[PDB]
Amino acid sequence: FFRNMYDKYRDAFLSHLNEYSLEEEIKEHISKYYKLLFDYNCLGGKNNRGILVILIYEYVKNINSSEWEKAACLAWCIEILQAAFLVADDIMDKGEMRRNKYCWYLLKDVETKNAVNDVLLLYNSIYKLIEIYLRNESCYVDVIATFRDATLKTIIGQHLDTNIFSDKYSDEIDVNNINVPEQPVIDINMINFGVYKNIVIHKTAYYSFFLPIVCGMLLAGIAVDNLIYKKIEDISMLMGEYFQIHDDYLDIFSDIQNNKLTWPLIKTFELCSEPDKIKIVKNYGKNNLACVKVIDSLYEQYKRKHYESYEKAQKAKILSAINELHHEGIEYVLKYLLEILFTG
Amino acid sequence: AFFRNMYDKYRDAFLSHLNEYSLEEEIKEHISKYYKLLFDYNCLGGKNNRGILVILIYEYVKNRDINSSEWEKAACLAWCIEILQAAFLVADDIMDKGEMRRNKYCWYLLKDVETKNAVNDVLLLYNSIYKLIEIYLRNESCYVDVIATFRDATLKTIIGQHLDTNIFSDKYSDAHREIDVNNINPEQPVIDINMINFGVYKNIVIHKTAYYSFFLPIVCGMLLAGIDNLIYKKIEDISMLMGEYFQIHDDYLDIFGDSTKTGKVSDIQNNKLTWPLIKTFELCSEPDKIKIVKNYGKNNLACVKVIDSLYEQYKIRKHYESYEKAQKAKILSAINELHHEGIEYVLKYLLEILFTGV
Ligand SMILES: CC(C)=CCC/C(C)=C/CC/C(C)=C/CC/C(C)=C/COP(=O)(O)OP(=O)(O)O
Ligand SMILES: CC(C)=CCC/C(C)=C/CC/C(C)=C/CCC(C)=CCOP(=O)(O)OP(=O)(O)O
Ligand code: NA
């Protein structure tokens with residue numbers, strides 16, 4: 001039913017913009033543009049984060065029409081957040097396709113300049129929507145703080161993912177250099193699971209798991225002083241890692257060319273001979289067909305099988321963390337979520 | 001000067017927050033190094049008209065005693081509006097492909113930064129505002145109203161930007177064809193003559209400038225002081241007038257001002273709907289209209305000269321001078337109809353000091 005309510009939240013926000021002191025013709029142009037911005041970018045994903053909110057809310061509470069209206073609001077707000085992350089991420093990473101269609105920023109009628117502005121519109125629409133539907137709820141402030149704090153962590157994780165190999169992170173920033181572009185290179189001191197977990201937990205775990213779970217519980221009426229919140233934070237960290245490692249696995253089976261610190265990169269570096277370390281450093285992070293293939297060949301050489309081995313062990317560690325919650329409703333949801341992560 | 005001395009307190013309060021994240025120590029020192037510069041490079045160097053408006057309004061709203069922790073909350077909101085400006089300027093320079101801002105390279109041009117970091121940094125700077133308001137105004141009754149004011153003014157600015165970016169675009173000229181989500185090719189941008197009018201210009205400029213630059217600071221000062229009241233609507237209207245006044249001057253500077261004085265080099269080549277363009281178009285001959293259509297929006301210097309010579313031919317400088325006097329009087333007349341002495345003093349002082357600062 002979550003998908004049925006999309007139009008309401010979209011139209012609610014667009015109705016706010018329509019109240020502006022603007023000429024009727026100009027209002028028409030913007031409702032056209034912004035309806036598409038939402039539709040193109042909020043619709044078409046697996047909706048795991050949105051569904052997670054709704055499932056957690058239902059399995060803590062055990063629900064009328066207004067209650068679901070607030071739950072579905074927060075669910076779509078996180079999908080709107082994902083949309084904003086998606087648009088921004090594709091600008092930054094100069095992406096080609098997202099969800100089997102052209103990245104928003106690539107479109108002739110959009111371009112990078114609009115996509116930047118649109119990320120901030122999508123991002124700010126979130127808080128207008130929460131205001132519209134949850135202004136008079138007692139959890140109102142805690143909910144917006146949860147979005148804010150999870151977003152800040154995501155920004156920092158995104159920063160680390162972008163810059164972990166950059167010449168600035170190897171051992172001051174030059175405010176006079178606008179002319180000499182730094183060549184993308186690997187930094188071997190950063191190729192380790194400790195650094196990787198830092199990035200992954202901040203970039204993924206907080207907005208993807210912590211935020212949706214907390215929204216559900218917050219709206220349900222679980223007081224923020226409750227000890228479960230810290231347990232859920234710890235579980236969310238484990239799941240975020242699990243999800244991103246799998247995301248890294250799917251990419252190879254544009255991270256190689258984009259010089260990304262991936263789990264496949266770290267595992268390979270851990271497993272490979274010294275000559276192959278030189279081979280990785282020479283061939284990684286380059287937009288060259290021959291270079292990517294060499295990196296592709298090494299992943300095949302050092303066996304795909306190591307991911308499967310990790311996936312089984314991490315899943316077990318999560319189910320153990322889930323079981324110490326001592327909350328049946330959330331436990332089932334988290335066990336169900338864990339099963340349906342990759343499919344949606 | 002008091003406002004300026006408080007800068008580090010608020011910067012370091014946010015930097016400490018990031019420093020609390022569960023990260024390895026080496027990572028944490030890289031983060032703090034990057035983000036200290038992000039703030040320093042982009043928050044310092046302006047006229048600080050928006051920050052000072054907060055400070056002045058907070059004080060002159062009512063003649064009263066104000067303790068140092070009370071001033072700490074005001075200087076926070078004052079600096080939050082300067083962070084917002086810093087986020088706006090970084091974003092604007094990305095979108096417009098800027099060269100200089102406040103007499104130095106645009107943040108995004110730095111080879112250590114690039115567009116990819118700058119986009120991420122806009123969102124960090126923007127989000128730091130709300131973390132700061134939380135840290136310092138968490139337990140204030142006006143807290144929800146303050147962040148909602150930031151939120152709503154930002155939304156309007158985003159809409160103003162959208163229009164400034166897209167007013168002459170294909171989508172606006174061809175309102176009948178839907179956006180082709182399969183077209184990843186744009187053809188040379190041109191002006192749309194139906195859009196060259198002052199009614200459209202005010203729509204754009206009020207939203208892009210007036211709400212964040214005037215309404216937001218004044219409302220911040222008032223809400224925190226403890227004032228809902230009918231004066232807010234009257235203050236919304238003056239803000240409209242001052243924003244329009246401010247942006248027209250800003251259009252004047254673009255073509256007629258020294259880049260070593262203003263700190264920045266664009267409107268003609270960026271195909272912008274400007275006051276000098278609208279003023280030229282209602283005043284010039286038909287052959288000159290075609291000349292404008294032919295030459296406006298082009299990066300070639302021979303094309304911008306043609307436009308620049310037309311501004312000289314039609315003496316746009318004197319037309320602005322005439323506007324400036326007319327509008328300044330129009331604003332003072334609305335300010336005098338507020339029936340509030342303290343805010344009147346501030347708005348009068350601000351109107352005198354807009355273009356120089358302090
Ligand atoms: C929501 C965010 C952060 C944004 C994305 C994109 C948006 C809406 C944009 C920013 C566009 C904007 C309003 C502009 C820039 C205006 C600017 C930097 C200029 C001039 O103001 P002055 O007051 O003259 O400059 P100082 O602050 O240096 O005195
Ligand atoms: C604060 C904002 C909006 C922006 C600035 C830039 C930031 C922090 C970025 C975004 C980085 C990010 C979290 C990434 C992209 C991850 C992504 C879009 C996801 C994949 O998630 P799935 O759930 O597999 O995709 P679906 O939603 O299509 O199912
Ligand atoms: Na999702």
Side-chain angles (χ1 to χ4, degrees), chain A residues 41-42 44-50 52-53 75 78-93 95 98-100 113 116-124 126 150-159 161-162 202-204 206-208 212 243-244 246-247 250 341-342 344, chain B residues 43-51 81-96 98 101-103 116 119-127 129 153-162 164-165 207-209 211-213 246-247 249-250 253 262-264 354-355 357:
Chain A
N41 299 288
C42 303
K46 291 180 299 298
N47 301 128
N48 287 342
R49 281 154 282 248
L52 186 55
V53 179
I78 302 161
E79 289 303 307
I80 293 164
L81 185 61
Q82 174 70 342
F85 284 156
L86 166 157
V87 176
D89 186 56
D90 285 323
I91 296 162
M92 291 181 286
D93 254 19
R98 181 80 75 172
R99 298 171 174 165
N100 277 297
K113 65 197 184 176
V116 167
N117 197 37
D118 297 344
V119 167
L120 278 126
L121 184 103
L122 285 170
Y123 184 63
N124 274 291
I126 289 159
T151 295
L152 282 161
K153 273 164 184 79
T154 310
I155 296 170
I156 295 311
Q158 184 66 347
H159 174 89
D161 208 23
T162 303
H202 288 83
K203 179 166 174 157
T204 311
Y206 278 95
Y207 92 95
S208 294
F243 178 89
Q244 190 55 56
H246 172 81
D247 182 73
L250 291 170
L341 263 178
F342 318 137
Chain B
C43 301
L44 315 159
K47 294 177 291 299
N48 297 146
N49 284 319
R50 298 165 186 88
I81 308 196
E82 292 298 321
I83 296 167
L84 186 64
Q85 172 77 342
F88 286 156
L89 72 68
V90 171
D92 187 46
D93 285 327
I94 301 160
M95 294 176 298
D96 267 340
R101 188 76 80 168
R102 296 165 174 180
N103 287 101
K116 58 182 190 179
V119 167
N120 198 45
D121 299 344
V122 165
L123 282 116
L124 182 102
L125 283 161
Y126 181 66
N127 275 277
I129 289 161
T154 298
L155 266 45
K156 289 194 180 72
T157 309
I158 293 168
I159 301 310
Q161 255 297 280
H162 172 88
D164 207 29
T165 303
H207 286 89
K208 199 182 82 200
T209 308
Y211 281 91
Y212 95 91
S213 301
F246 184 86
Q247 189 62 58
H249 174 86
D250 184 62
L253 291 170
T262 60
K264 50 176 181 179
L354 261 178
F355 308 140

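Every number for a ligand or one of its atoms is a count from 1 in the order of the listing. Atoms considered below: every heavy atom in the structure, side chains included; atoms not considered: hydrogens, waters and symmetry mates. Below, chain A is the first sequence line, B the second, and so on; all start at residue 1.
- Between B/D250 and B/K264, at least one side-chain nitrogen of the basic residue sits less than 4.0 Å from a carboxylate oxygen of the acidic one, meeting the salt-bridge criterion.
- The NZ atom of B/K156 sits 14.0 Å away from atom OG1 of B/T209, with the distance rounded to the nearest 0.5 Å.
- Using a 4.0 Å heavy-atom cutoff, B/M95 is listed among the residues neighbouring ligand 1.
- Using 4.0 Å as the threshold, A/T154 has a heavy atom nearer than that to some atom of ligand 2.
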(request) Test side-chain contact (heavy atoms from CB on, under 4.5 Å) on A/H159 and A/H202 and set out the steps. (result) CA-CA 10 Å; A/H159 174 89; A/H202 288 83; over 6 Å; no
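- Of the protein's non-hydrogen atoms, B/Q85 NE2, 3.1 Å is the one closest to atom 21 (O) of ligand 1.
- Remark: side-chain polar atoms of B/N103 are not paired, donor with acceptor, to backbone N or O of B/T262 under 3.5 angstrom.
- Those atoms of ligand 2 that come under 4.0 Å of a heavy atom in A/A88, given as number and element, are 5 (C), 6 (C).
- Atom 23 (O) of ligand 1 has its closest protein heavy atom at B/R50 NH1, 2.8 Å.
- Considering only non-hydrogen protein atoms, atom 6 (C) of ligand 1 sits nearest to A/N117 OD1, 3.4 Å.
- Under a 4.0 Å criterion applied to the non-hydrogen atoms of A/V119, ligand 2 contributes the atoms 3 (C).
- For atom 18 (C) of ligand 2, the nearest non-hydrogen atom from the set A/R99, A/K203, A/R98 comes from A/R98.
- Atoms of ligand 1 lying under 4.0 Å from at least one heavy atom of B/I158, given by number and element, are 1 (C), 8 (C).
- Given atom 29 (O) of ligand 1, the protein heavy atom at minimum distance is B/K47 NZ, 2.7 Å.
- Closest to atom 4 (C) of ligand 1 among all protein heavy atoms lies A/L120 CD1, 3.6 Å.
- The backbone N or O of B/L354 sits less than 3.5 Å from a side-chain atom of B/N49, completing a donor-acceptor pair.
- Listed by atom number, the atoms of ligand 2 under 4.0 Å from A/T151 heavy atoms are 1 (C).
- In summary, the atoms of ligand 2 found under 4.0 Å from a heavy atom of A/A84, numbered by their order in the structure, are 3 (C).
- Atoms of ligand 1 found under 4.0 Å from any heavy atom of B/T154 (numbered from 1 in listed order, with element): 1 (C).
- The nearest protein atom to atom 11 (C) of ligand 1, hydrogens excluded, is given as B/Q161 CG, 3.4 Å; this is a heavy-atom distance.
- Taking the six-membered ring for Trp and thresholds of 30 and 60 degrees, A/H246 and A/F342 have nearly parallel ring planes, at less than 30 degrees apart.
- The ligand atoms of ligand 1 that sit less than 4.0 angstrom from a heavy atom of B/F246 are 22 (P), 23 (O), 24 (O).
- With salt bridges taken as basic N to acidic carboxylate O contacts below 4.0 Å, none links B/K116 and A/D93.
- Under 4.0 Å from ligand 2, the heavy atoms of A/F243 that appear belong solely to its side chain.
- Side-chain atoms of A/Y123 and B/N127, non-hydrogen and from C-beta on, do get closer than 4.5 Å to each other.
- Scanning the protein for heavy atoms near atom 3 (C) of ligand 2, the closest one is A/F85 CD2, 3.5 Å.
- Here the CG atom belonging to A/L121 is positioned 10.0 Å from the CD1 atom belonging to A/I126, to the nearest 0.5 angstrom.
- For the atom pair CG of B/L89 and CZ of B/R101, the computed distance is 5.5 Å after rounding to the nearest 0.5 Å.
- Contact annotation: for B/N127 versus ligand 2, there are no heavy atoms closer than 4.0 Å.
- The distance from the Na ion (ligand 3) to the nearest N/O/S atom of A/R49 is under 3.0 Å.
- Residue B/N120 has at least one heavy-atom neighbour below 4.0 Å for each of these atoms of ligand 2: 5 (C), 6 (C), 7 (C), 8 (C).
- With A/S208 as the fixed residue, the side chain to side chain donor-acceptor pair (under 3.5 Å) test singles out one of A/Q82, A/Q244, A/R49, A/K203: A/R49.
- Below 4.0 Å from some heavy atom of B/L89 lie the following atoms of ligand 1, by number and element: 18 (C).
- Atom 16 (C) of ligand 2 has as its closest protein heavy atom A/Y207 OH, 3.7 Å.
- Taking only non-hydrogen atoms, the option from B/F355, B/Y126, B/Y212, B/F88 nearest to atom 2 (C) of ligand 1 is B/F88.
- Here the straight-line distance linking atom CD1 of B/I81 with atom CZ of B/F88 works out to 10.0 Å at 0.5 Å rounding.
- When the heavy atoms of A/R49, A/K46, A/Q82 are ranked by distance to atom 23 (O) of ligand 2, first place goes to A/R49.
- With hydrogens left out, the protein atom closest to atom 28 (O) of ligand 1 is B/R102 NE, 2.8 Å, a heavy atom.
- Less than 4.0 angstrom separates some heavy atom of B/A91 from each of these atoms of ligand 1: 5 (C), 6 (C).
- Of the listed residues (B/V122, B/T157, B/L155), just one forms a side-chain contact (heavy atoms from CB on, under 4.5 Å) with A/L120, and that residue is B/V122.
- Checked by atom type and distance alone, the side chain of A/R99 pairs as donor or acceptor with a backbone atom of A/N41 at under 3.5 Å.
- Of all the heavy atoms of B/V119, none lies under 4.0 Å from any atom of ligand 2, so neither backbone nor side chain is involved.
- Taking every heavy atom of B/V122 and a limit of under 4.0 angstrom, the matching atoms of ligand 1 come to 3 (C).
- One finds the CG atom of A/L122 at 9.5 Å from the CD1 atom of B/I158 (value rounded to the nearest 0.5 Å).
- Formation of a donor-acceptor pair under 3.5 Å by the B/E82 side chain with backbone atoms of B/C43 is not found in this model.
- In this structure, OG1 on B/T154 lies 4.5 Å from CG on B/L84, to the nearest 0.5 angstrom.
- Nearest to atom 4 (C) of ligand 2 among the protein's heavy atoms is B/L123 CD1, 3.8 Å.
- Closest approach between the Na ion (ligand 3) and any N/O/S atom of A/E79 involves OE2.
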